[PDB]
Protein chains: 2
Amino acid sequence: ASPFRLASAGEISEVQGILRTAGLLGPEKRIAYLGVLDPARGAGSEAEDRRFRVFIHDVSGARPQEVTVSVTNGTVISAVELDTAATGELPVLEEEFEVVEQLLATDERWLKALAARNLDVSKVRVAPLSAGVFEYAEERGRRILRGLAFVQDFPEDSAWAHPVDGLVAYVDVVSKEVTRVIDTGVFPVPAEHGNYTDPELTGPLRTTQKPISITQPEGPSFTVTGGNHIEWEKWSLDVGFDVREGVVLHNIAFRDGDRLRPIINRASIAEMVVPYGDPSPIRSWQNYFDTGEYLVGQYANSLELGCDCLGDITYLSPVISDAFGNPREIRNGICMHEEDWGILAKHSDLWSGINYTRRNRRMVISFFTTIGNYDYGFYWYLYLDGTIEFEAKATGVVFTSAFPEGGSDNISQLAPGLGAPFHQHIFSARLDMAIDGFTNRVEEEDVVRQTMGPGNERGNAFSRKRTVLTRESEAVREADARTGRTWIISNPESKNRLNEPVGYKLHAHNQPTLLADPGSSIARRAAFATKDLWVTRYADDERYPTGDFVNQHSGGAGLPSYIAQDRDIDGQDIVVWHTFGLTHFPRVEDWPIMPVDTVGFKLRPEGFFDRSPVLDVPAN
Amino acid sequence: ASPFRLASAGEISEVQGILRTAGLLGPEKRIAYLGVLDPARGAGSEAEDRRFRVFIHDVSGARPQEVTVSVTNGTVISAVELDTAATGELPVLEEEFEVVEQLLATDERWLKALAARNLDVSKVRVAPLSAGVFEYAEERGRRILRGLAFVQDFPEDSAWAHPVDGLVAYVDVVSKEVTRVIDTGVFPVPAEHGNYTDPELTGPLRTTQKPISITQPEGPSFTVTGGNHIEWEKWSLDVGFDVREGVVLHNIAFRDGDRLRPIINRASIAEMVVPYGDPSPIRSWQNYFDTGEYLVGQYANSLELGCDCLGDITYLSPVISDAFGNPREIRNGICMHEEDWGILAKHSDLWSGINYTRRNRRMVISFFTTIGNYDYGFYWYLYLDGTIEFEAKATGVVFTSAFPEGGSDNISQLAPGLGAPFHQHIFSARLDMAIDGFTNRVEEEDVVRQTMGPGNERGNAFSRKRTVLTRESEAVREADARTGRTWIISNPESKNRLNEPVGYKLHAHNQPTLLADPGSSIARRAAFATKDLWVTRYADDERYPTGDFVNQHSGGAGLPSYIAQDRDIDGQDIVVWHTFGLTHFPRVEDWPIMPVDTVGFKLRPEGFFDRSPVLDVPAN
Ligand SMILES: O=CCc1ccccc1
Ligand SMILES: O=CCc1ccccc1
Ligand SMILES: [Cu+2]
Ligand SMILES: [Cu+2]
Ligand code: NA
Ligand code: NA
Ligand code: NA
Ligand code: NA
């Protein structure tokens with residue numbers, strides 16, 4: 001009955017039938033995105049209308065369409081033809097991954113480049129990479145992918161160990177033309193294999209690890225009702241799933257006495273970008289938006305009990321659409337479990353004689369996605385004490401190149417002849433805030449150092465200052481680790497028992513933001529990534545920091561366009577966008593398969609409760 | 001047989017007998033510090049000599065002494081009379097904690113101040129706080145403690161809820177005189193209790209938490225030999241314990257093939273300081289050095305199975321001396337166990353069809369200490385992939401004051417009338433490095449942004465730069481989160497298979513350092529805390545960043561004095577000192593007992609291995 005329930009196979013079958021009957025899903029059409037729309041603000045009228053947004057691609061060159069359908073009424077609500085030169089191309093289709101390799105395999109220029117290298121075309125894998133927007137006027141309005149080549153010596157070989165540097169091709173995947181083949185010279189193809197399951201490389205496997213057994217003899221402490229409504233240790237929320245964003249959290253709230261208090265209306269990772277810092281023309285165009293261009297949710301892994309998720313695991317199996325509108329289940333695509341998290345609070349008192357210890361725990365909601373060489377785990381954590389934390393785990397295989405004789409300032413060496421270009425992994429969290437309701441404000445909090453003098457005669461005092469962000473034009477903020485900068489989201493109309501506004505404090509990791517020159521193409525297309533924090537006024541159609549159609553969009557869409565409206569955000573329905581990322585100078589230890597590295601953020605209560613909220617936790 | 005074994009009860013009994021026979025331990029003497037000395041550099045002569053350093057206090061006013069004894073030869077090696085006005089007072093004795101309350105209880109000025117407040121002297125607890133060095137000329141060369149008062153309504157009451165503001169006393173604990181009683185005015189004593197085990201405050205305890213069972217059916221994967229030598233998943237180390245520093249790690253090394261490769265010779269938390277930022281004269285002198293002034297190791301808790309440490313736990317029970325030279329066991333004072341740590345590495349490859357997942361784990365070595373209101377957990381972590389991490393967990397009860405009518409810029413309100421002054425918790429990790437041996441250097445690594453232009457026509461390139469620190473005068477470094485600043489400790493004479501120096505990268509949390517005015521007393525006594533990183537040349541007697549005798553020392557001792565020698569550190573036996581801390585603006589949720597907050601640092605291999613070191617981990 002909940003409007004926030006996961007999409008069902010039946011709903012997706014209905015969408016397909018509706019589009020087919022309307023003449024919108026003929027043999028030349030492909031569904032490039034399908035997703036359920038969130039209820040509009042103020043859905044307290046009990047009028048459920050399950051609506052789906054669809055992006056429809058046409059493989060014969062006709063204009064794509066954006067379509068909204070209602071499955072409750074079985075109708076097409078709206079249907080719009082898209083001018084992709086203006087508003088951007090549609091996301092990459094899975095079925096296009098192989099088209100780039102296949103088109104190059106018959107192009108004379110491609111074949112001549114491989115022949116000069118004595119490479120058999122049947123052994124050459126081509127990575128299908130997004131094109132971006134650069135200097136090539138012939139690409140405007142066309143659907144372009146760029147291809148970089150890797151050799152697979154045998155079917156089970158890791159191609160990433162054998163990059164073919166000095167060579168790149170551009171392909172129009174709709175007209176099926178190879179527009180350019182660029183060959184800047186021959187590099188040796190690195191010869192060592194990178195097969196991390198080969199006994200020659202691993203040596204004998206360790207026999208020293210004894211098992212760790214994690215069980216819950218009475219089952220887990222959380223309940224799931226309605227398919228995706230979670231209640232755990234006074235928390236409640238709905239777990240959604242979208243093919244673009246992946247796991248989405250709705251209606252995060254905390255049961256404080258008899259009051260269910262909202263905290264966050266919608267939480268998601270709304271974009272991610274991986275910009276490469278190698279100035280070689282073979283790769284200087286390389287920036288992929290895994291969320292916006294490829295849709296991370298459709299590549300979610302099926303997670304294996306005892307390997308990917310350990311303990312008493314409850315699974316969700318979300319349903320998405322394939323390119324023809326058929327429902328497809330991602331079996332065991334979301335793990336949910338609780339974890340012990342050490343000591344929560346502890347004190348031994350010299351005067352009362354009381355010794356007190358309580359243990360902490362967290363609820364874990366996670367999925368894993370794979371797009372080409374990279375793999376990412378997305379983890380949401382809820383803690384007993386009201387903290388909310390997000391963590392990204394990056395692993396997989398680093399993207400490789402040749403390592404040039406004489407070295408490089410932008411590439412590190414991993415093995416003889418084998419390089420890995422410098423790059424970043426940058427995420428955008430979209431936090432539709434609802435601290436005790438929708439009237440919220442953001443304050444920037446800095447430490448204040450004080451001068452020794454009158455009123456501070458011993459020079460020990462220090463303080464803090466809070467600046468309210470009142471309009472969107474002043475709500476584009478930078479981190480400052482040196483001054484301990486944080487941001488507080490408060491409700492000025494809801495006060496704690498000390499008559500102070502209730503609030504939550506956002507703690508960032510203060511990692512570097514986008515490094516590229518501010519005049520670059522990527523700085524214009526990923527403008528969100530140049531600043532740590534943005535605050536906008538909520539609006540239904542302002543969903544992604546990069547806009548709706550990221551692929552081959554020329555720039556400026558999303559957050560820079562939103563904040564130009566300069567809307568009031570002081571005690572209003574607001575959205576926080578936090579940029580956070582890893583800057584990756586690859587090390588030898590990242591090869592041939594990368595141990596996990598992590599980045600994230602957390603929010604902690606800041607006078608939201610009237611005292612510690614975990615006084616009622618038992619001794620265990 | 002190991003020279004790094006824990007001190008035994010028999011060794012401490014021998015020290016006592018040796019000091020007694022030498023005439024050094026009469027009835028007026030107290031042992032204020034006793035600890036085993038580390039083997040000198042180059043102990044490859046097989047000549048074991050177990051030596052102990054002792055600080056001897058005299059309760060009758062005679063000069064204290066520093067004494068070194070050899071238990072192997074049963075002799076006093078050296079004995080030096082200390083001039084405490086010059087070099088600092090001895091650490092606070094546990095038996096002095098109660099002397100301050102007892103002396104004030106008969107002082108007419110103290111009694112008049114309590115009578116004006118209608119407080120019964122039998123209900124007034126007095127916190128024994130270290131004095132520091134300020135403007136009081138009469139305190140030079142005397143052993144002073146300062147007292148702040150708290151009311152206990154009944155024997156099991158939490159006194160911290162009832163601070164008596166506007167009142168402070170100074171006491172000479174050797175001559176047993178109250179030197180000053182300062183009363184700046186009457187504040188209401190906050191009335192609400194803070195008894196976090198009272199059902200009136202906790203409400204009914206949750207019944208919703210189901211048990212989590214963590215077991216190791218075949219036992220743990222690590223072995224302990226010789227009392228304190230650990231081997232775990234190619235790591236080996238010795239776990240030491242010192243009454244001042246707490247847990248100390250010796251000879252951290254990693255078994256790479258057939259070679260045992262050293263990484264860190266000695267790791268410890270060598271100092272910590274809690275400076276308060278309240279300019280009230282009642283508290284503007286308040287800075288305690290828990291390690292240097294109070295000795296955190298002697299207040300280590302006994303850790304309870306299933307409450308403090310969960311899983312298959314192996315305990316160590318270190319032995320220390322009491323004030324009379326008797327051995328005293330800290331039963332179960334150190335927990336050791338391994339923990340599952342999620343995914344280690346994962347990749348699903350589109351071209352090879354191979355799906356690969358491995359799980360991570362870490363070894364945990366921890367102890368907990370309690371000094372007055374504050375409790376701290378110290379956690380050392382070793383990971384499968386070569387990472388070393390330290391984590392401090394801060395909990396307990398915040399130090400309180402009145403909250404003034406009309407508010408405060410330096411105190412936050414926790415309850416009606418109840419304040420908590422702003423303060424920091426700052427730690428110093430001393431890392432005696434030994435990356436593949438003792439010839440080490442430190443490089444500072446910054447991200448380098450590049451301008452769009454020739455050689456970077458698309459404005460995407462970025463790079464990094466490394467600066468070698470060659471002498472101590474240039475090795476006092478500040479964090480820079482914006483440029484992703486890290487520090488690399490490398491061995492220029494030991495190269496990986498790519499002919500690059502092996503190394504480890506130190507990742508800091510980049511939290512604010514000491515906030516106090518640089519002309520303050522605390523900035524001079526805790527000078528280490530004003531900078532994030534220091535590098536010194538190793539020397540036997542350069543143990544603490546604050547010097548040997550922190551209590552009432554006038555300033556400048558330790559690191560600022562060491563680095564003035566301006567010694568060569570480029571490919572030498574070096575020591576890294578990393579400052580890291582929490583800046584604490586207390587929140588309502590910290591009251592009446594604080595949920596854990598954390599800070600720390602980690603070191604990751606940086607071309608130390610020839611490839612990932614966890615390729616031989618099995619599928620489980
Ligand atoms: O992450 C998207 C870029 C990509 C896609 C497919 C193969 C390699 C790289
Ligand atoms: O942490 C050392 C300061 C202190 C010691 C004893 C009681 C309260 C405060
Ligand atoms: Cu990376
Ligand atoms: Cu604190
Ligand atoms: Na355009
Ligand atoms: Na909002
Ligand atoms: Na002095
Ligand atoms: Na060293």
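When a ligand or atom number is given, it counts from 1 through the structure's own listing order. We name chains A, B, ... by the order of the sequence lines, and we start the count at 1 in each one. Heavy-atom basis, side chains included; hydrogens, waters and symmetry copies ignored.
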Only one of A:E95, A:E94, A:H57 passes side chain to side chain donor-acceptor pair (under 3.5 Å) with A:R30, and that residue is A:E95
How many degrees, to 10°, between A:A85 O and A:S554 OG as seen from the Na ion (ligand 5)? 130°
closest protein heavy atom to atom 7 (C) of ligand 1 is A:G372 CA, 3.4 Å
What is the ring orientation for B:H584 with B:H423, classed by angle as parallel under 30°, tilted 30 to 60°, or perpendicular over 60°? perpendicular
Which label fits B:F368 and B:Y379: parallel for a plane angle under 30°, tilted from 30 to 60°, or perpendicular past 60°? perpendicular
N/O/S atom name from B:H423 that is nearest to the position of the Cu ion (ligand 4): NE2
Please identify which atoms of ligand 1 are closer than 4.0 Å to at least one heavy atom of A:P128. 5 (C), 6 (C), 7 (C)
Partner of A:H425 by ring pair (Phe, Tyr, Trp, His ring centres under 6.0 Å), out of A:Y276, A:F580, A:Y374: A:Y374
Write out the residue and atom name of the closest protein heavy atom to atom 1 (O) of ligand 1, then the distance separating them to 0.1 Å. A:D290 OD1, 2.6 Å
State whether a side-chain donor-acceptor pair under 3.5 Å links A:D385 with A:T387. yes
Identity and separation of the nearest protein heavy atom to atom 9 (C) of ligand 1: A:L129 CD2, 3.5 Å
Do the ring planes of A:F55 and A:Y33 sit parallel (below 30°), tilted (30 to 60°) or perpendicular (above 60°)? tilted
Angle class for the A:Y356/B:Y196 ring planes (parallel below 30°, perpendicular above 60°, tilted otherwise)? perpendicular
Please work out, at 4.0 Å between heavy atoms, whether the side chain, the backbone, both, or neither of A:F399 comes within that distance of ligand 1. neither
Show which atoms of ligand 1 fall inside a sub-4.0 Å distance from at least one heavy-atom site of A:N373. 8 (C), 9 (C)
Enumerate the atoms of ligand 1 whose separation from the nearest heavy atom of A:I371 is less than 4.0 angstrom. 1 (O), 2 (C)
Between B:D597 and B:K393, is the salt bridge (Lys or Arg N to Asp or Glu O under 4.0 Å) condition met? List the steps. CA-CA 6 Å; B:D597 200 10; B:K393 299 190 189 187; over 6 Å; no
In B:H584, what N, O or S atom is nearest to the Cu ion (ligand 4), if we give its atom name? ND1
Check whether any heavy atom of A:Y294 sits under 4.0 Å from an atom of ligand 1. yes
